[PDB]
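Structural overview for review
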Amino acid sequence: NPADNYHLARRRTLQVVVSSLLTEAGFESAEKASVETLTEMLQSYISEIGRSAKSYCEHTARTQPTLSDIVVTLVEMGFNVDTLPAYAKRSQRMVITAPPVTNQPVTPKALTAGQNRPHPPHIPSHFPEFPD
Amino acid sequence: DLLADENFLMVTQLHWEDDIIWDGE
Amino acid sequence: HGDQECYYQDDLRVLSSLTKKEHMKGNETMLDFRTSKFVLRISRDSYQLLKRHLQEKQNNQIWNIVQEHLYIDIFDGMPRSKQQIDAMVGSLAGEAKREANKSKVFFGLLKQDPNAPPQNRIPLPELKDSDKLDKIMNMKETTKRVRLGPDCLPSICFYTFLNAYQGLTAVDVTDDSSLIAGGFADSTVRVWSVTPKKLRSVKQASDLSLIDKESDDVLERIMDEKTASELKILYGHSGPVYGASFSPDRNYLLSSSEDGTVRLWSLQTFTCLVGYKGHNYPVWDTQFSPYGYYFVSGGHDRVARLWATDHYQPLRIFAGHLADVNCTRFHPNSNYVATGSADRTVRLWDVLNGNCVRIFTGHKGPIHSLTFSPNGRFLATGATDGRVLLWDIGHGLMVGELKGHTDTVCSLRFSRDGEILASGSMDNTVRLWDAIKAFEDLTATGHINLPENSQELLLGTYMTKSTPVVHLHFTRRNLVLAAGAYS
Amino acid sequence: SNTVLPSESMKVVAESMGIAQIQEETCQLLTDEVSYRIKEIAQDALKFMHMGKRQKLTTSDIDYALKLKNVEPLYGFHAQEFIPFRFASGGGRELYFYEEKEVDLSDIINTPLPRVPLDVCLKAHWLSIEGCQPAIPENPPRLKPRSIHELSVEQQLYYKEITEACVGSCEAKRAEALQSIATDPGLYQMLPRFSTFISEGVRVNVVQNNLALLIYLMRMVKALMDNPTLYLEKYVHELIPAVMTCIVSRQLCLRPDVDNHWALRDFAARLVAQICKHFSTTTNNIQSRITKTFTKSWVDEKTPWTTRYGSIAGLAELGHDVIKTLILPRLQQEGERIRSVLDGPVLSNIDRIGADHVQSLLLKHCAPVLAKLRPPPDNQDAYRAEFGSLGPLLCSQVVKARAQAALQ
Amino acid sequence: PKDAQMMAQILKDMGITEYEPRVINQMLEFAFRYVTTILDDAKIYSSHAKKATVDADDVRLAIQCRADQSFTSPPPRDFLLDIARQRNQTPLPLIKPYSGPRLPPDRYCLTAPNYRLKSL
Amino acid sequence: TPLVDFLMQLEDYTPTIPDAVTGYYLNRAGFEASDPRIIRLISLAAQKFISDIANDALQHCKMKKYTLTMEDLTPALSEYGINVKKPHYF
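As recorded in the PDB entry, chain D goes by Transcription initiation factor TFIID subunit 6 and comes from Homo sapiens. One UniProt comment on chain D, placed under Sequence similarities, says "Belongs to the TAF6 family."

As recorded in the PDB entry, chain C goes by the name Transcription initiation factor TFIID subunit 5, listed as coming from Homo sapiens. The Subcellular location comment attached to chain C in UniProt states, word for word, "Nucleus". Heading Sequence similarities of the UniProt record for chain C holds this comment: "Belongs to the WD repeat TAF5 family."

Section: the pairing of strand β14 (residues 283–288) of chain C
Residue and element names in this part refer to chain C. With six of six residues buried, β14 lies mostly within the body of the structure. Of the pairings in the sheet, the one linking β14 to strand β15 (residues 295–299) comprises five bridges and is antiparallel in character. Looking at β15, one finds that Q287 is bridged to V296. Adjacent in sequence and paired antiparallel, β14 and β15 are bridged by six residues, among which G292 carries a positive phi angle near 95 degrees.

A short note on the pattern of salt bridges
One pass over the structure, following the stated rule, counts 52 salt bridges over all chains. Two residues, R416 of chain C and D175 of chain C, come together in a salt bridge whose shortest N-O distance is 3.1 Å. Separated by 241 residues along the polypeptide, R416 of chain C in the loop between β26 (409–414) and β27 (420–425) and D175 of chain C in the loop between β4 (168–173) and β5 (179–184) bring together distant segments of the chain. We classify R416 of chain C as partly exposed; its relative accessible area is 23%. Here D175 of chain C falls in the partly exposed class, since its relative accessible area comes to 39%. In this structure, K51 of chain E engages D57 of chain E in a salt bridge whose closest nitrogen and oxygen atoms are separated by 4.0 Å. Look at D57 of chain E and you get partly exposed, because its relative accessible area is 43%. Here the residues in one salt-bridge network are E33, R37, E40, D44 and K69 of chain D, joined through shared partners.

Examining the arrangement of the chains
Sorting the eleven pairs of chains in contact by contact count puts chains C and D at the top. One finds no contact between chain B and chain C; the C-alpha atoms of the two approach each other to within 32 Å at their closest. A gap remains between chain B and chain F, with no contact made and the closest C-alpha atoms lying 46 Å from each other.

Topic: the sheet that holds β15 of chain C
Residues and elements named next belong to chain C. Taken together, four strands build an open sheet; the order of strands is β14-β15-β16-β17 and the sheet is antiparallel. Bordering the open sheet on either side are β14 and β17 (316–318), each of which pairs with just one other strand. Averaged over all adjacent pairs, the angle separating strand axes in this sheet is 15 degrees, with direction ignored. Both β15 and strand β16 (residues 304–307) contribute to a ladder of four bridges, which runs antiparallel. Within β16, the position partnered with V296 by the bridge is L306.

Structural notes on the sheet that holds strand β6 (residues 188–193) of chain C
Residue and element names in this part refer to chain C. As summarised here, the arrangement of the four strands in space is β4-β5-β6-β9, forming an open sheet in which the pairing is antiparallel. The two strands at the open ends of the sheet, each matched to only one other strand, are β4 and β9 (231–235). Across this sheet, the average inter-strand angle for adjacent strands is 20 degrees, counted without regard to direction. Examined bridge by bridge, β4 and β5 share five bridges and lie antiparallel to one another. Note that in β5 the partner of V173 across the bridge is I180.

Thoughts on the interface of chain D and chain F
The partner chain F presents ten residues to the 13 residues of chain D that form the contact. Both faces combined, the contact of chain D with chain F buries some 980 Å², and carbon together with sulfur accounts for 58% of it. It is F77, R93 and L95 of chain D in chain D that bury the most area against chain F; as a group they hold 31% of the surface buried on that side. For the interface between chain D and chain F, the tally reads zero salt bridges. Here the residues of the side of chain D that touches chain F are counted per class, giving six nonpolar, four polar and three charged. The pairing of strand β1 (residues 77–78) of chain D with strand β1 (residues 83–84) of chain F spans two bridges and is antiparallel.

Describing the interface of chain C and chain D
Tallying the contact residues gives 53 residues for chain C and 40 residues for chain D. Here chain C is connected to chain D by three salt bridges. Across the pair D119 of chain D and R190 of chain C runs a salt bridge whose closest N-O atoms are separated by 2.8 Å. Scanning the region where chain C abuts chain D turns up 17 residue pairs in polar contact.

What to know about helix α1 (residues 2–13) of chain E
Over its twelve residues, α1 of chain E extends 17 Å from the first C-alpha to the last, a length consistent with the 16 Å expected when each residue adds 1.5 Å. For α1 of chain E, every residue scored as buried is listed here: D3, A4, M7, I10 and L11 of chain E. Angular distribution of buried residues about the axis of α1 of chain E spans 105 degrees; they occupy a single face of the element. Every exposed residue of α1 of chain E that faces more than 90 degrees away from the buried side is listed here: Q5 and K12 of chain E. Tucked inside the fold, the buried residues of α1 of chain E contact α1 (7–15) and α3 (33–51) of chain D together with α2 (23–49) of chain E.

Some remarks on the packing of aromatic side chains
For the structure shown, the criterion picks out 29 aromatic pairs over all chains. With a centroid separation of 6.1 Å and 70 degrees between ring planes, the pair formed by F184 of chain C and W192 of chain C is classed as edge-to-face. Of the two residues, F184 of chain C and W192 of chain C, neither departs from the other in class, the shared state being buried. A ring pair is formed by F414 of chain C and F439 of chain C, whose centres lie 6.1 Å apart and whose planes are at 45 degrees; its orientation type is tilted. You can see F414 of chain C sitting in strand β26 and its partner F439 of chain C sitting in the loop between β28 (430–434) and α10 (454–457), a full 25 residues away along the chain. Each member of the pair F414 of chain C and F439 of chain C is classed as buried. A connected cluster of aromatic rings, assembled from ring pairs, spans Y242 and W284 of chain C together with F48 and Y64 of chain D.

Basis of the calculations
Residues numbered from 1 in each chain as written, not as in the entry; some residues may be left out. Chains lettered and ligands numbered in written order. Part of a larger assembly, values for the part shown. Heavy atoms only, no water. Residues with missing side-chain atoms left out of burial classes, pairs and counts. UniProt positions renumbered as here; feature names shortened; annotations may be inferred. Buried < 20%, exposed > 50% of the residue type's maximum accessible area, 1.4 Å probe, protein only. Helix = DSSP H or I, 4+ residues; strand = E, 2+ residues; numbered from the N terminus. Pairing = 2+ DSSP bridges. Salt bridge = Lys/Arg side-chain N within 4 Å of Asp/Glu carboxyl O. Contact = heavy atoms within 4.5 Å. Axes fitted to C-alpha atoms, helices over the stretch in contact; angles between N-to-C directions. Buried area = accessible area lost by both parts, 1.4 Å probe. Nonpolar A, V, L, I, M, F, W, Y, C, P; charged D, E, K, R; others polar. Polar contact = N/O pair within 3.5 Å; in protein donor to acceptor, adjacent residues only side chain to side chain. Expected span 1.5 Å × (residues − 1). Arc of directions from axis to C-beta. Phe/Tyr/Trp six-rings, centres within 6.5 Å; stacked < 30°, edge-to-face > 60°.

This is how it looks when you write it as structure tokens:
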């Protein structure tokens, strides 16, 4: 089903990310309800810097947020931003792949040969052709 | 249920091998 | 609760939950139902039997509840039938008074029509020569447009959204079939060009200043050949975008969403311009005026605001509904705003004075589709009961009733001539109704004894492949366009 | 009625929190307050479902219904300071009732990541052409006058074009015609004339063994079968003896040249025959009838080796259990036939080619029987109890299969 | 489960045949969150009034105190009709004929030079 | 200014979360991918938050390992002011 694969291709990529981060000086074989708790606090955290840094820039009549709009957004969430160059500094960084694509062939749609019929003058040429 | 049309379907009443000519006249 | 009518079933289950006082003290719909008066239009032949059973002191307390909580609006005439009373009831504070539906409404079109308002009644925008050049090529489209009628049934071109795994919540098409907007549940607005002409925006602020300046081709120069797509995605809502409305000059997309803001997107720069924050609550609909300056937005806070694209604050607040203002539609002269709602009433609002001039009751579910006749004399409304009720704006009565659809009728439009009303619902059907034989006949009693003309008015049904018909549009050559996400 | 949550669940929650010795009127007071708030929100989430034009719901209506009632959207944690998690939701908790509650972090990384779909695109079609709904795939479904044919002249011309394209003069023409057969919804009421054209064709096309004419007709049968709209088991009594002869017949055309092609055709015939027994199945009519004809094709002595190879293929593609029961007591006969072809100096005939193909196919089928319900051991000379046909090379094929299983 | 099978009967009494995959699971999560905040406020209130065990009046007090800083509901009809008639009395302004793109003042719009960092 | 000098070194350094996944949840909230180094800081700030909780839940597991449980996440998030909830209904 490609309908729920729109969401599950990116949420089950975040499950591999937490499973790859839990191995960084943490625990092993965590409880199941403790993983869906922490990845719910992670999605709610990205969605809160999304709504608040957009609100801080649009309050200043802008449309896309700069660095000065996020370092005020993270202050209003109590983050202590100065400790963030240290985390990135640790070599302990890992690489996880972005997800693949549901349709590899892009646009293979070629319908079928069977042109017949034209258009009456109340239908312009850019509408689809009358079928066989 | 024997009254069902499936019993009277030609495939049920027809033997395929007998039907094949097999180059036989 | 068992001996009630079948069309009150969704109303009683909100009451079965209400058992405490503090549960009702924060409902704000039953709080306004307890303080208002049910109108209860009855005839004088039946009121004499009622008052001869209540003025006596044998009962003496149910008469006290009636004269405290119920208005009674008496008309002199025949007592209505049961299938005529069933057609015009179903709303809290139901069957409003005839003294509300007797105000003078200027339901005529602008430019003599005695029902037309003056041009300086509402301060509309100005027009130039380029605008007279538009109507010259508009009547070339009206030529190929055929008096659809009941014989020359129109061709429907369905513009389905194929993948749409973010849920499509809002569609709009421009007046010429050139752009199609899509409001989606992933908080995006996506503009598609349907003509073979890609969407082009100025690449940089420096580019517009150097180009033009007496070049004489402003439209060609403003488009930049570096930004040219068949699809432009607009970001900035923090919630699912529920309303989508183009401006008649094909700039100025409007969008409203769950986050309580109405947003004005440019279609020349493809950025956001203004965020109109008046609701704290989900704005369920928005629409530009047909002249393009004012716009109306209705939200969860049970009002509809009138904005002007020049003020951060609204100009008119239409605050008489008892539930969410689901729909907001402008009149073709833009002096009147029709707001359907979730308390099963449709209300016309004058833009001057903000007064409610008409109250249309008779729907059994929340009204989800509103549309005006191109004459300006009629109004088609659809709701979750699958009924399309045709209202005469001057008469203020039920006139016609179209009861072919099964599920929620979410899109209505009349033809460009007015010959056919097209209805699209969640039944995945596009029904066509004869909008000339419906108004052929068109008081002192408040009703016309409407018939069961639904079978005669149906022209076609047109079942769609698993696709709810979210939008219905009529090309200026009278071609039906429809756009629903394929589920 | 007015259904509330049970009070015997509210005392469990209270005593698991530190509040012991609660009265029943105290406990009934909890379960009518919270059952109202569930009813208040589910009536309010119904607003977003009706304004979201979906009825089905997407995990999220209750997130907006809570935010509308000024209660936080997130579930599974409550922040009394409200600032890191405001009314933005976290999408709930993916939890189950039959949840194990214990998981391995390594397994989650091992599990494959799903692919991401193409962005929403706009496609227009036609619901109505001047009043009539087209049957496109975007739509759901004594002198007296001479009789008028029920089939139309557009339909008759369509039948003529599809049949003249399906005899494979050009390959792109064939492939479209095959896709047209595979998905035309209105291809019923033309299906007698297609079945008769197939049946009649194979029978006058085996008079001279014209392999393409037959490979094109078998592809036409396969394109007729996977069409979901048409009702086929009224016509399968003509379809099945056509595929039977294709598999069990001799080739007028010499085979050292197209026998590979002939073998492919037989495989196609055996594929459609197994599908013909998978569908259309009632008690003891179709599958058992073709199984009986295949077995008496196998048992009869001095049977043409083309017919032998085709019947062997047809018996083999019948599934898991059929070779588990029908391909067991016969290895000695297969080996004796191979030994006779081997003995003697005449290879001109087709008997030798037929023997090699039959032995290879039988040996591969034996390999899953050896793999599916046996354990490998003594792969050197134990197969000499089965006339020593494949022996150590068969053992090497089994080892390659085991390596593929290890890779899986 | 025990309390999760009653939640599927509250939805079926309301005619909800098919909703969300886990909607029963999160209405039980809300019902648990609501009863452990009626009790939690009540236990503090019982300590505040000093008593051996939590009593019904403390539980009612817990609900009333929460309803004062919890739900706010949309604004009421007597408040909406007062701000309407205060707003609908002001007449509509006239329009300047060639002002250009009609927009609010620039501190109310989203049209600023909209900077970004230099990549180096 | 260290944090400006830090972000100018992020044309390399693919972080632990991909930018196709961090950028997906940013596009969901209106944040559009103008600069790809801007995504990598948000992906780093979200790693450091999860890493600081898993490093503090390890201290609450050494006293009572190599196993992350809900009774280790409960005192670890309690100094953060976050009351985590047991499932208790499955």
